[PDB]
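Novice: Sequence, then the experimental structure. Questions to follow.
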Amino acid sequence: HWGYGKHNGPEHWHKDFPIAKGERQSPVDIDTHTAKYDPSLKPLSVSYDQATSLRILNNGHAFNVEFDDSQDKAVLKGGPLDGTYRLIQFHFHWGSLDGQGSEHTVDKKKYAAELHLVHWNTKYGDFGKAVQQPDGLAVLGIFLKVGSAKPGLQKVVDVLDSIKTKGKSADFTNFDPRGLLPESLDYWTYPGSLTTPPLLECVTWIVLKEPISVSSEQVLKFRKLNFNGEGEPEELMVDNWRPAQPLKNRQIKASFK
Ligand SMILES: COc1ccc2c(CC(=O)Nc3ccc(S(N)(=O)=O)cc3)cc(=O)oc2c1
Ligand SMILES: [Zn+2]
């Protein structure tokens, strides 16, 4: 089965998932000098006031904080987007060291980790239908750099001991994702894909220019997690990031000068 190790990591994925070598794969390096300002881009509209989190799950590749997406409660609109995209879950990708861990890079710079808030286009009715559509998803990507702690992340880091191994889940209600956002909503946008198998090309990527700062102790607790199930040999969950993919025939647009 796919993973992030020597024998099953991102160089191997194309054998099970040939779209790995497709025309709109993610992540990508964001070349800040080549991204064009697009003044017709609208401001991003993040409406998380009514977000309802339910649960947090170690799925063996990362941990997801899932939300109740059966009504329009936490939506992303505007920016490059047409219509309404509903929050379904967020997760992170992170490194074994502070020097690496993000999927997207900026002028080849790697951040310590990267947050992905995953939303689906409500005109497709459900997340499973949306992933099959070229404009099915909108993922908001936020870089994390190590410095001062992010207080709004701490509730997430503290529950990690209860989901150490693959398949473990834990109630996680009343978590407010607004506490994970940076001050600015300036962003780059391009068309891409899920960054893990099945690597479907269904994502409008929106990656915020401003990273959030998290403490070394916060990111250290991410690295205590396990890719394996309980009672299997311990492999730390670290370096669960796919490296930058060829941009090919795509332009990255900036929302800002
Ligand atoms: C029927 O419902 C579902 C629920 C989950 C998935 C999933 C699981 C999933 O959601 N993957 C996923 C989500 C987000 C990402 S990323 N790293 O690009 O933000 C990378 C991978 C994939 C899929 O094809 O069909 C599904 C259908
Ligand atoms: Zn992700």
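Specialist: Done, it's in. Numbering: from 1, shown residues only. Ligands and ions are numbered 1, 2, ... in the order given.
Novice: what about residue 15, neighbour count?
Specialist: 10 (other CB atoms under 10 Å). From N, CA and C alone the C-beta is placed, and that goes for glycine too.
Novice: What helix or strand is it located in?
Specialist: Assigned by DSSP states H and E, residue 15 falls within helix 13-16.
Novice: Tell me which residue in the stretch 51-200 of the chain sits closest to ligand 1.
Specialist: residue 128 (2.9 Å; CB to the nearest ligand atom).
Novice: ok, back up a step: and whichever helix or strand comes after the helix holding residue 15, what other elements does it pack with?
Specialist: Counting by DSSP H and E, the next helix or strand C-terminal to helix 13-16 is strand 29-30. The elements that strand 29-30 packs onto, with contact taken as 3 or more CB pairs under 8 Å, 6 or more residues apart in numbering; DSSP states H and E, are strand 105-106.
Novice: So which residues make contact with the strand it packs on?
Specialist: 27, 29-30, 32, 111, 143, 244 (CB atoms under 8 Å, 6 or more residues apart in numbering).
Novice: neighbours of the residue lying closest to residue 90 once chain neighbours are set aside, just the number please.
Specialist: Distances taken as CB to CB, 6 or more residues apart in numbering place residue 117 nearest to residue 90, at 4.4 Å, with adjacent residues excluded. Neighbourhood size, residue 117 [other CB under 10 Å]: 25.
Novice: Next: residue 211.
Specialist: 20.
Novice: list the contacts for it?
Specialist: Here residue 211 is in contact with 111, 142-145, 182 (CB under 8 Å, 6+ apart).
Novice: Could you identify the most distant pair in these?
Specialist: Across these, no pair lies farther apart than 111 and 182, at 12.3 Å, counting by CB to CB.
Novice: what about these two, which has more around it?
Specialist: When residue 111 and residue 182 are compared for neighbours, residue 111 comes out ahead with 25 against 16, by other CB under 10 Å.
Novice: starting at the chain centroid, how far to stretch 128-144?
Specialist: 9 Å (CA atoms, centre = their mean, to the nearest Å).
Novice: Show me what the spatially most central residue of the chain is bridged to.
Specialist: For the chain, the residue nearest the mean C-alpha position is residue 116 (2.0 Å; CA atoms, centre = their mean). Residue 116 has these beta-bridge partners by DSSP bridges: residue 91, residue 141.
Novice: Helices of this structure, residue ranges please.
Specialist: 13-16, 127-130, 154-159, 216-222 (DSSP state H).
Novice: Output those in a markdown table; the columns should cover distance to residue 49.
Specialist: As requested, the helices of the chain are exported to a markdown table (distance: least, CB to CB, whole Å):
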| stretch | distance to residue 49 |
| --- | --- |
| helix 13-16 | 38 |
| helix 127-130 | 22 |
| helix 154-159 | 18 |
| helix 216-222 | 25 |
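Novice: which residues does residue 30 bridge with?
Specialist: With DSSP bridges as the rule, residue 30 is bridged to residue 106.
Novice: Endpoints of stretch 143-154, how far apart?
Specialist: 17 Å (CA to CA, to the nearest Å).
Novice: actually stretch 34-49, not the one I typed
Specialist: With CA to CA, one end of stretch 34-49 sits 35 Å from the other.
Novice: Likewise for stretch 161-173?
Specialist: End to end - CA to CA - stretch 161-173 spans 17 Å.
Novice: And it, how far out from the chain middle?
Specialist: 19 Å.
Novice: same thing with stretch 197-216?
Specialist: With CA atoms, centre = their mean, you get 4 Å for stretch 197-216.
Novice: Same check on stretch 52-59?
Specialist: 15 Å.
Novice: Kindly report the same for stretch 66-85.
Specialist: For stretch 66-85, the distance to the chain centre is 15 Å (CA atoms, centre = their mean).
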